[PDB]
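Engineer: Structure incoming, see below.
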Amino acid sequence: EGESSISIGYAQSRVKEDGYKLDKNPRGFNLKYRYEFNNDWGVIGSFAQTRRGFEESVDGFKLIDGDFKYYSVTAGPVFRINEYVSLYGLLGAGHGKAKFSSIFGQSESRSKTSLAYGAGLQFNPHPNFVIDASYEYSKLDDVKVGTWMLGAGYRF
Numbered sequence: 001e002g003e004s005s006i007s008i009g010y011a012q013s014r015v016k017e018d019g020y021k022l023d024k025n026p027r028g029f030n031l032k033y034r035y036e037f038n039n040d041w042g043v044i045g046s047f048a049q050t051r052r053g054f055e056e057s058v059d060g061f062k063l064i065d066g067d068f069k070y071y072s073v074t075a076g077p078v079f080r081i082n083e084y085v086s087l088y089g090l091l092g093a094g095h096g097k098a099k100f101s102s103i104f105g106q107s108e109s110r111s112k113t114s115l116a117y118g119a120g121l122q123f124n125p126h127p128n129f130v131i132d133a134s135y136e137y138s139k140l141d142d143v144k145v146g147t148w149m150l151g152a153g154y155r156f
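Residue 1 is where the sequence shown starts when you use the entry's author numbering, and the numbers rise one by one after that.
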């Protein structure tokens, strides 16, 4: 019913905000699944999960870890350019959540939604080993978020 491949890589995003961490770059892992409906045509799914890179500290028997989570999900078609060169597009949505730790009668938090758009490059040095590079960007009116992913894929 078609060839299937799996790809893994590290995800690095940049968020413009005044707070902890100078570069404000969330850390996480990106999982991509490739499914080919044809010899030169196929689709890919990229899932990115990132969290605040804050060192674990013990205070009040509770863990903060930055209280910030960022999730991204994108998908796009894959078209081969040459024998060992493939080009694919990335489209999807991103979701970020932030919580504040303090002592108050009531608790509050913030959640943001955004659209993700980008493109990716795929190189095939070996039949069972490919190099995947993906670029994803989220456009918000006040906040600009960029996500970069570098990894490798394995063909079954």
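Ideal Cβ placement from N, Cα and C applies to all residues, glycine included.
(1) Let's test the definition: count the other Cβ atoms within 10 Å of the Cβ of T147 and tell me whether it reaches 16, buried, or not, exposed.
(2) In chain order, what residues of the same chain lie with their CB nearer than 8 Å to the CB of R51, ignoring the 5 residues before and after it?
(3) Suppose you measure from the CA of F104 to the CA of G76; what does that come to, to the nearest Å?
(4) Could you compute how far the alpha carbon of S7 sits from the alpha carbon of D142?
(5) Can you tell me whether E136 is buried or exposed? The criterion is at least 16 other CB atoms within 10 Å of its CB, across all chains shown.
(6) Return the chain-ordered list of same chain residues with a C-beta closer than 8 Å to the C-beta of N38, the five sequence neighbours on each side being excluded.
(7) Examine chain C for any beta-carbon lying closer than 9 Å to the beta-carbon of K16, and answer yes or no.
(8) Just to confirm, is the Cβ distance from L121 to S111 under 9 Å?
(9) Closest by CA to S46, which one among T113, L140 and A11?
(10) Ignoring anything shorter than 4 residues or poking outside the segment 76-118, list the alpha helix (DSSP H) runs there in chain order.
(11) So, at 7 Å on beta carbons, what are the nonlocal neighbours of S101 in its own chain, with the 5 sequence-adjacent residues on each side left out?
(12) If you reduce the DSSP assignment to three classes, tell me which class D59 lands in.
(13) Go ahead and label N128 buried or exposed: buried means 16 or more other beta carbons lie within 10 angstroms of its beta carbon, across all protein chains shown.
Structural biologist: The structure says:
(1) buried
(2) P26, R27, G28, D65, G66, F68, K69 and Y70
(3) 45 Å
(4) 33 Å
(5) buried
(6) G2
(7) Chain labels in this structure do not include chain C; a single protein chain is all it has.
(8) no
(9) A11
(10) none
(11) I64 and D67
(12) strand
(13) exposed
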